[PDB]
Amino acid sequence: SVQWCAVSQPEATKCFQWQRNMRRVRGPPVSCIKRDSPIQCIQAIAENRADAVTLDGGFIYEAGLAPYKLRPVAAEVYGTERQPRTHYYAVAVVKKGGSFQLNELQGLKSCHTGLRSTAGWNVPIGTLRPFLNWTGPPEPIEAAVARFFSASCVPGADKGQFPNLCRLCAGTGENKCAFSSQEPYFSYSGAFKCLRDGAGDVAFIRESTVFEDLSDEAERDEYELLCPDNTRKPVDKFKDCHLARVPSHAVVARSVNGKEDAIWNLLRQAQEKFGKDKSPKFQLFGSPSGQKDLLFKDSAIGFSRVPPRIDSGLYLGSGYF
């Protein structure tokens, strides 16, 4: 029986909901362990206290190094059901009717999904590297992006060490700039919320975020995309206007006694019984109102098995930072 690692209290509530719905229809069992961050779950999985967790590209990287050595066993599948993909597009959204392009971003206000995440850090900080005042190590990269943008919200960053990076974060007290749902500018939806609220000028998020979060068509029209050739196209044109195409979030397990057939059998049947438009009792790719992407991404349509003997580095693609 597969033990999933829940990162927050609403993830755990979904996990327990998942567990009782699996027992209800005679699927393979799933138990639940609770932890406070993605790194604690990576550590729990390698310490044999958990067996699975869905991670973002930046954390798939960190799970694949020693002493953890976690490996991707199942990628999340996005796109439509008639046209699926195991990849996403890191984009930079801004309010329409603007002067600026990608190269004139100095001194503006930035909204990020989190420190060391794919579309919100690794990708945009990599694309904007020529524009920075970086002389290389041992100076941390945070300090140079702290002089670039006048204020940001980069969740997970140091409030003491880089105060400018947490300034636009809207969390209260000990949650402001925290890497969790308690900070409301955290993740894809939170970073988009930071642009919507007029706090930042640009949000570095993925391509579907404005289609998810803005159900009303008039308001999606108020935003546009900053393409890397230095032009501005609309939000429906991400396929030609993006910072990078990045590999999808994957479930990671141990590379030694990882139980990956058990993990897959649980995922295939969970997708079959509780996928997009399957059951009205449980949704594996939906979350309750006010919460976003618990356990897996909302509106992902399924899973795809990673072939054997592929580690984190082979998964991430050659051409990573």
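Position 1 is the first residue in the sequence shown; the rest follow in order.
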| property | result |
| --- | --- |
| Segment of higher mean CA temperature factor, 92 to 100 or 129 to 137 | 129 to 137 |
| Comparing 60 to 68 with 275 to 283, the one whose average Cα B-factor in the PDB entry is higher | 275 to 283 |
| Member of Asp201, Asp240, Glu183, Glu207 with the greatest C-alpha B factor (per the PDB record) | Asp240 |
| Highest-ranked of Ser117, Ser110, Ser248, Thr231 once sorted by CA temperature factor in the record | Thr231 |
| Chain thirds of CA B-factor: placement of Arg26 | highest |
| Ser37, C-alpha B-factor rank within chain (lowest, middle or highest third) | middle |
| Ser152 - which third its CA temperature factor falls in, relative to the rest of the chain | highest |
| Chain third (lowest, middle, highest) by recorded CA B-factor, residue given as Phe211 | middle |
| Record-listed C-alpha B factor of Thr80: chain third | highest |
